[PDB]
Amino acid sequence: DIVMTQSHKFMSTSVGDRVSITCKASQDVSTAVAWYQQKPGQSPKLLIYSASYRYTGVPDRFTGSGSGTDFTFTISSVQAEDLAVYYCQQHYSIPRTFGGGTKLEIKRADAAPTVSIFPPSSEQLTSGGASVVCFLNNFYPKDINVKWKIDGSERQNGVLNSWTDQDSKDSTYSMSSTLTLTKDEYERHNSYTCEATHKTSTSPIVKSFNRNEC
């Protein structure tokens, strides 16, 4: 059989920069390689077929090259909506195999994380639970620290961090820090505080609220 190998699982590029993804096959393939673009949450979209030929409905900024074993997918002008995972696939020998997939992460300037803390709703308090939320929106890069404080003490238990994928408009990551607690423990404390440490600034962004009817 045939093994389509994409040695680089991740590739970093910037908006407008020239990016090129490689593709290594098991044997000689001549010019029988197709490139697909799969955006997060969508079906794989055919961009290139037969090494260099473009499919209909594909912009001029997408090109393909290579003949033999090593093949290259080239984008001259990377856009914010070009954020996707690109696959290479052979189409000559049965069975048809795919590449490992090269996720294209976009590099941009740093962005200050908008942090917003949220108190447990009454609908959740009725059930007998209480979760304090801490949203971190529009920041870059992905690496960011999140520290919790129930009453000045660093809370570490019951904390869940959820990182979203990069954005397709401004290329900014966004994460959610969730602190789930019981109702009894929630009604024994007042001022909740969540803080975030990013490389944008040395001083962590601190958000706080009061349980006493805000």
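Quick note: we count residues from 1 along the sequence shown, nothing fancier.
- Return whichever of 75 to 83 and 123 to 131 has the greater mean Cα B factor according to the PDB record. That would be 123 to 131.
- Task: Between 173 to 181 and 41 to 49, point out the one with the higher average CA B-factor as the PDB entry records it.
- Result: Per the deposited B-factors, the answer is 173 to 181.
- Query: If you check the C-alpha B-factor for each of 29, 150, 34, 58 in the entry, which is highest?
  - Reply: Going by the entry's C-alpha B-factors, 150 comes out highest.
- Options 88, 136, 94, 144 - largest CA temperature factor per the record: Across 88, 136, 94, 144, the entry lists the biggest C-alpha B-factor for 144.
- Sorting the chain's CA B-factors, does residue 108 end up in the lowest, middle or highest third? Highest third - that is where residue 108 ends up once the chain's C-alpha B-factors are sorted.
- Item | Where the record places residue 156 (Cα B-factor, split into thirds across the chain) | For residue 156, the deposited C-alpha B-factor lands in the highest third.
- Taking the C-alpha B-factors as the PDB entry records them, is residue 7 in the lowest, middle or highest third of its chain? CA B-factor rank for residue 7: middle third.
- What third of the chain, by the recorded C-alpha B-factor, contains residue 25? Lowest third.
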